[PDB]
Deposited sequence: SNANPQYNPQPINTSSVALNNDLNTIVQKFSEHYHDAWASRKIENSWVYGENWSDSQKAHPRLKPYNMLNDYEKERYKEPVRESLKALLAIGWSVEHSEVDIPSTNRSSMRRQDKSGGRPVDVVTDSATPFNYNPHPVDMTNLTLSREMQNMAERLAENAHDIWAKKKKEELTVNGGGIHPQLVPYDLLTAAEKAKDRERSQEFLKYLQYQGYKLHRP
């Protein structure tokens, strides 16, 4: 069938340096996410609405609650722990009016643009492994949720390789951008 089994991260604990890079990427990625949502005509609203394209997380990072910040930090932290777990080493060595009208918070996100940075084929492969792991983490949690509530189904409870590209996009994009951001910030990833 499908038995999601995330990477075993036993013993792996992030030190202050790697917690800091998780924090800095999370803030960067929030601004990249907000920039994309605003480009796609989303606006801030107190309650999330898919139909009305209103999103409560469309605020400056420092106005987010801890739940909101963890939407970024949790999967990023887990992807970094998974990389370490499988033996990789991590060496730290004008304002447009319609853009501004998307929120009442004078928020014009301008994250660093890493579209001109490239990833080796090896790092592209690693981003796919980390995205698959994010999917397995989600799937294991979802199966637990369904089972304790007496059963049920979910259309994305299939192996990562059976998801469509569109289904894979959120996790793939996060890991690709994280690996670019590590590169940008002067980290070197070394294979086992």
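Engineer: Taking the deposited sequence as numbered from 1, list the residue ranges that were left without C-alpha coordinates.
Structural biologist: Residues missing from the model, as numbered along the full deposited sequence, span 1 to 5, 99 to 119.
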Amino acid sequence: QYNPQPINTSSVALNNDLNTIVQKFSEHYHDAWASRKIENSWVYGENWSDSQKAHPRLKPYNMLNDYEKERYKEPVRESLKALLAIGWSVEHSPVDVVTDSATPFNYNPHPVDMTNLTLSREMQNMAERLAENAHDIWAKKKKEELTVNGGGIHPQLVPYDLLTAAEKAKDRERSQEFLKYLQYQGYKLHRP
From here on, numbers count along this sequence of modelled residues.
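Engineer: Hey, which bit's got the bigger mean C-alpha B factor in the entry, 73 to 81 or 99 to 107?
Structural biologist: It is 99 to 107 that shows the higher mean C-alpha B-factor.
Engineer: So which stretch wins on mean C-alpha B-factor, 130 to 138 or 45 to 53?
Structural biologist: Mean B over CA atoms: larger for 45 to 53.
Engineer: Pick out which of 123, 148, 158, 32 has the highest C-alpha B-factor in the PDB entry.
Structural biologist: Among 123, 148, 158, 32, the PDB entry lists the largest C-alpha B-factor for 148.
Engineer: Which one, 27, 66, 39, 167, has the peak C-alpha temperature factor per the PDB entry?
Structural biologist: Comparing C-alpha B-factors across 27, 66, 39, 167, the maximum falls on 39.
Engineer: What third of its chain, lowest, middle or highest, does the C-alpha temperature factor of residue 20 fall into?
Structural biologist: Its C-alpha B-factor, which the entry lists for residue 20, ranks in the highest third among residues of this chain.
Engineer: Ranked by Cα temperature factor within the chain, is residue 59 in the lowest third, the middle third or the highest third?
Structural biologist: According to the entry, residue 59 has a C-alpha B-factor in the chain's lowest third.
Engineer: Considering only modelled residues of the same chain, in which third does the CA B-factor of residue 86 rank: lowest, middle or highest?
Structural biologist: According to the entry, residue 86 has a C-alpha B-factor in the chain's lowest third.
Engineer: Sorting the chain's modelled residues by C-alpha B-factor, tell me whether residue 181 ends up in the lowest, middle or highest third.
Structural biologist: Residue 181: CA B-factor falls in the middle third of its chain.
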